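Only one chain comes next, encoded as structure tokens, the form deposited in one PDB entry.
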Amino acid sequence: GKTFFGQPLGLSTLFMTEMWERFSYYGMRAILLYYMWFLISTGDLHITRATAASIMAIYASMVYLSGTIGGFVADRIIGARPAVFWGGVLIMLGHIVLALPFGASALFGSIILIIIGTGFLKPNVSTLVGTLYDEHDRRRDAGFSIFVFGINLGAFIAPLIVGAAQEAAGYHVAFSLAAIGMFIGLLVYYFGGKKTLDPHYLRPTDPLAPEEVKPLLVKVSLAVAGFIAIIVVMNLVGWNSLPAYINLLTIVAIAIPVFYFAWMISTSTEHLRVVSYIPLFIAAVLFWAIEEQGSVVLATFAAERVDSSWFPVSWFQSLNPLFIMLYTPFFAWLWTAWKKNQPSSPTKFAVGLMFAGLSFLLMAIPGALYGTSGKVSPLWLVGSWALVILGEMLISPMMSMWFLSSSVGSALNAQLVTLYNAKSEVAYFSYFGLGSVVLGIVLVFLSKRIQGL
């Protein structure tokens, strides 16, 4: 019967809903760093380029950290379907803010809107995907992979369309197209959802019991009061610069897993098996750090060290989702072909880290051989994104912990990307790439012990 690639027809609605949100997100991130460079060059934004690179990282870290709670707010308060809609509305307004004839004053407002909007929409669209499949249904893994292709499809075409629009009609026009991209998703999601989506998800599936509202309000109130108390203390002692606030969000993002892990210990049944997660989680952190630097460090390398005089330099951001779109058909073949091998999930996380380390190690070669004073070939970045996406495919298959590793890895980037420049290029690439490889080699021994557990 009628399907969307063998799947329920509701997938096409959610497939396009997320493609257009990812089009709006990754089209914005493809030019946002260059937009901050431009505001710096005109004197409107009084920060260094190292700070702007750190802003891009802590931006992504907060976006994925905000996704760790959107599932809770939907499942318990507002509902999954209203969360996606109003989440996209906030995402749309965030891109409209950057389209207004403002400058650096509109950066923080746009960032807050997209952080909150993505937190509402991003996890709940995937939740609504699994609601098309009953728990017995076996097309789940096939349906989510189709869903991933739509994530990367919009992520691939966004820098091409938005980047070219920036170099032709300017930034404000380019950011408006990102808002239009989200608006297109809202139209298809609203009217398309009303036809094929279960109305049971217009409301929370686990609404708060009467006795649960007060302790939750206390819990939220104490967290906001403490976070505000820290900001007050910082301004009293003089720690009030923008890098100081970035350091605060970095500590907060990293303190969440280490506190959620330190007291997860207290039952020897899985007391050691809880520990087995740690090497897999920390490996996921360092990989997402390497992977998310493509929009920061590799975006900086493309703009300064590559002869890209015949196309917009923001198009290099399409290499990350392009290789995924190419690897997916091969990788679908691979996992069902080598059924007898069955690579253990721990072992995969090193190969993903080794590949990520290889991608940076490769990028240390052009500067060591030709120097950093000139321009190199664009195929260095093509070969670099070819290796890191290779590792992403291996690590590709609660999502909040998944959101958390990306947030911690991106929070780690908020500190490291400030070390990158033309004079530190070779050492930065070589040492962070070498250290990531040797930390993939230590996994072999640690995987064996996790295999035993």
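Just so we're on the same page, rigid core means the largest C-alpha set that superposes within 1.5 Å between forms. Residue numbers here begin at 1 and follow the sequence given.
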query: Unmodelled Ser176 in at least one third of other entries with both flanks present; finding: no
query: Other PDB entries, at least a third, lacking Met398; finding: yes
query: Extent of unmodelled deposited sequence, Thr267 relative to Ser266; finding: 4 to 9
query: Extent of unmodelled deposited sequence, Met398 relative to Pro397; finding: 10 or more
query: Mean C-alpha B-factor comparison - 164-172 and 257-265, higher one; finding: 257-265
query: Higher-scoring stretch by recorded Cα B factor average, 333-341 or 206-214; finding: 333-341
query: Top residue by Cα temperature factor, when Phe432, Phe15, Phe445, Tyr25 are compared in the entry; finding: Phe445
query: Selection from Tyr370, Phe108, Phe281, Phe156 [criterion: highest C-alpha temperature factor in the record]; finding: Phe281
query: Chain-relative CA temperature factor third for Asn421; finding: middle
query: Lowest, middle or highest third - CA B-factor, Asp134; finding: highest
query: Chain-wide C-alpha B factor ranking for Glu291, given as lowest, middle or highest third; finding: lowest
query: Assigned third (lowest, middle, highest) for the C-alpha B factor of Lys122; finding: lowest
query: Third assignment of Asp75 from its chain's C-alpha B-factors; finding: lowest
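As for the form deposited in another entry, it is not shown, yet the points below apply to it.
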{"item": "Rigid-core fit between this form and the one not shown, the member of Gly170, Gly130, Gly109, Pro343 whose C-alpha shifts 2 angstroms or more", "value": "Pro343"}
